[PDB]
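In: before I ask anything, here's the sequence and the deposited coordinates:
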Amino acid sequence: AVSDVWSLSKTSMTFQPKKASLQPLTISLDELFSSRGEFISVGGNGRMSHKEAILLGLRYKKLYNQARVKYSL
Amino acid sequence: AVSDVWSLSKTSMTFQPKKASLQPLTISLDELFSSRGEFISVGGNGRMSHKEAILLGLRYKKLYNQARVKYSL
Amino acid sequence: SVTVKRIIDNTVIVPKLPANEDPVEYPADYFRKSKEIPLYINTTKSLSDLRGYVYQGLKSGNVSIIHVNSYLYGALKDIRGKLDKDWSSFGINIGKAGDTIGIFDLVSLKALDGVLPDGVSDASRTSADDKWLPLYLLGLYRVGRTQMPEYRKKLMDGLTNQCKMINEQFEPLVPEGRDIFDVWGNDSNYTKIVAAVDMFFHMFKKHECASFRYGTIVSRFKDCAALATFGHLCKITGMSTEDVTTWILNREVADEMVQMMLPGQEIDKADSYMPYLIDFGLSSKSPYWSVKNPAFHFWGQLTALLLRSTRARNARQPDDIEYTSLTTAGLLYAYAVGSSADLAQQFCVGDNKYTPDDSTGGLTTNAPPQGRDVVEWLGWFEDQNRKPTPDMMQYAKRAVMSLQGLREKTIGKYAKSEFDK
C-alpha cells in the first residue's frame, strides 16, 4: 500500500504490560487510522518507522499517555 | 502531482525546538492542504521553494507565529 | 511634535486640549522636607473632666472635635510596649532593641484653642476609660466611611466588643446617627490617632491591648486599593507578581504599573508608615488609588471577574479609559488562565505520573497554547487575525450569564452587557 509505511497496516506490535497481572496491548496501524485522509493530516507519511507511526498512531481514541504509564511503551 | 511544487508533498521537514525539552516539529506539504481548492484559495502557486511552501502553507492549521517562537522555524 | 494640516486649503491646525496636571505624591517625598509627624493635640486640660464632655456629646449628637482627640490621648499614652527589635522607617528611627515605647511616638504638638465652647458635660462617670469607652471612639472611623446598608452591619459588633469589659451601652441615634462620624475623617489629627494606634499594635500583637484594632484595622492600606487589585489578581490566577505583570498587554496599564511599583516606598516592608500614607498626612494624592489607576483597575478587575471573582462584580467602572482594548486583553488573559489549569500530581504512594517530554505530537495543534506563557498566546492570537474566537466569546458568556442584581456603572454590569447577548 501507499505510502511506504502504509504496507505495515495489517501487522501488529505487542506492548508488554508494566503491571504484573495485566494482558499485553496488541496494536496495529489499521486499527489506529481510518483510510487515507486521516493518515495524511496528522503527520503520518511513509518515511517514518513502524514504532514512530504507532506512537503517533495514538490519537484516534486519544490514548497515548494512558498507555504510556500502563505499558512498557 | 500538479503543479511543480506538488511533487514534494510526501517528504517531510524537521524543525529544531527552541525550548530545552521539546519534541521537534515534523511537517509535510500535504498535511496543510486538502487537494487543490484549498491550495489555490490561500496563495499556493506552481513555482515555490520547499521551505516557502511550508512556511506560507501554515494557515490550514492556523499556526505560523506559534511555531515561529517555539521552534527554529 | 506632530504637524496637522487641513487638506481642502492647506492650512495648519494645532489640536489642543485643556491641561490636566494633578500628579501623585509618594510617601518617600514627605521625608525630604520634614523629619517628624506633627500631631496637634491640645494639652490635656484635666484628664477625668474630659470623660464627661464626650459621653453626652455622643449621647445626644453634636460632639466637640478637639475634645475627642484629647480624651483618646490622655488614656492611650500610658500603654507601653517593649521594643524587641530595632525600628526604622523612611529615614527616622523610632527606637532600638530592649527599649520601652508608647503609642504616641510620632512627635506630639500642642493646640492653641484649649476648650471649645462648653460642650454638655456629665457628672456621673466612673472608670469606664481604658476599658471600653476609648475603643468605641476609634471604631467610629470605620462607620464614618460606609453609607450603604452595611453601617448597621459593622456597628453591630461595635456594641459587642464594648460589652466584653463591663456594661452594654449605646450612644448614637437612628436618623442622624451617621451624620456625626464623617466629620471626624476630615480632622487630620484624628486620622493620625487611629493610624498610630493601628501601627503600634501591628508591632506588638501579643499585647492584650491589641484588641483595640477592631476599629483601627480598616485604616491599614485604606488608600491602596490598586495594590489590593494586584494582590487579588495574583491569588485568583495563582501566578506570581512577575508573571502577572508580563501579561499586561495595554500601554496605559503598563504606565500605571510602573507608577505603582516606583522603588523605595517600603511597599513590602514590615511595620512602616506607608500603609497609612493619607492618615499620617504623608500624601494628599495616593499613587495607589484605583482612581489614579483606572485602566489597571478595569483590566485587573474584569479579568478577575471572568475567573469567577466574588469581589469584582460590584467594582466601579472607571470613566475615560479605552474599554474595547482592555476588554480584549482581559478576555485573552482570562481565557488563557481558564483553558490551562495547574493540574499535576503532588503526592504519591508507589507510582507517579510525569510528562516533561510529551507535549503534543502530533499536528493536532488546532488548539490554543499549553501553559500560560504570554509569548505563545500572543503568537496564537496573531493566528486568529487578532480576533477573539467563538470559543473565547462562549467562555466569557458562560462566566457572566449567571450574574444577577448587578448595579449601574460596575464591572459586573459591564461584562454581562458585553458578553451575554
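Out: Perfect, thanks for sending it. Residues are numbered from 1 along each chain as shown, chains lettered A, B, ... in the order given.
In: state the distance from whatever residue of the stretch 151-300 of chain C ends up closest to chain B to residue C:27.
Out: Here the stretch 151-300 of chain C gets closest to chain B at one residue, residue C:246, 14.4 Å apart by Cβ to the nearest Cβ. Quick note: C-beta positions are derived from backbone N, CA and C, even for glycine. The gap separating residue C:246 from residue C:27 is 27 Å, by Cβ to Cβ, to the nearest Å.
In: of these two, who's got more company?
Out: residue C:27 (25 against 13; other Cβ atoms under 10 Å in any protein chain shown).
In: hmm, back to that, tell me the phi and psi of the residue of the stretch 151-300 of chain C closest to chain B?
Out: phi -70, psi -10 (degrees, to the nearest 10).
In: which residue, other than its chain neighbours, is closest to it?
Out: If the residues on either side of it in the chain are set aside, residue C:246 comes closest to residue C:374, at 5.3 Å by Cβ to Cβ, 6 or more residues apart in numbering or on different chains.
In: quick one: is the longest helix that chain A contains near chain B?
Out: Secondary structure of chain A per DSSP state H: the longest helix is helix A:50-57. No - on the criterion Cβ under 8 Å from any Cβ of the partner chain, helix A:50-57 is out of touch with chain B, staying 9.0 Å away.
In: which elements pack onto that helix?
Out: In terms of contacts (3 or more Cβ pairs under 8 Å, 6 or more residues apart in numbering or on different chains; DSSP states H and E), helix A:50-57 is packed against strand A:12-15, helix A:29-32.
In: mind putting the ones you listed in JSON lines, mean neighbour count included?
Out: Formatted as JSON lines, the helices and strands packed on helix A:50-57 follow (neighbours: other Cβ atoms under 10 Å in any protein chain shown):
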{"stretch": "strand A:12-15", "mean neighbour count": "14"}
{"stretch": "helix A:29-32", "mean neighbour count": "18"}
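In: which one is the closest residue to chain C within chain A nearest to, not counting chain neighbours?
Out: Closest to chain C within chain A is residue A:43: 4.6 Å, counting by Cβ to the nearest Cβ. Taking Cβ to Cβ, 6+ apart, and ignoring the residues beside it in sequence, residue A:43 has residue C:363 as its nearest neighbour in space, at 4.6 Å.
In: thinking again about what came up before, C-alpha coordinates for the longest helix of chain A, CSV please?
Out: This file holds the C-alpha atoms of helix A:50-57, laid out as CSV (Å, rounded to 0.1, in the frame of the first residue of the first chain):
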residue,chain,number,x,y,z
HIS,A,50,6.9,1.3,12.4
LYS,A,51,7.3,2.5,16.1
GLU,A,52,7.2,6.2,15.1
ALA,A,53,3.9,5.7,13.3
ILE,A,54,2.5,3.6,16.2
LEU,A,55,3.5,6.2,18.8
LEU,A,56,1.9,8.9,16.6
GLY,A,57,-1.0,6.4,16.0
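In: surely residue C:130 touches residue C:72?
Out: No - here residue C:130 does not reach residue C:72: they are 10.8 Å apart, not a contact under Cβ atoms under 8 Å.
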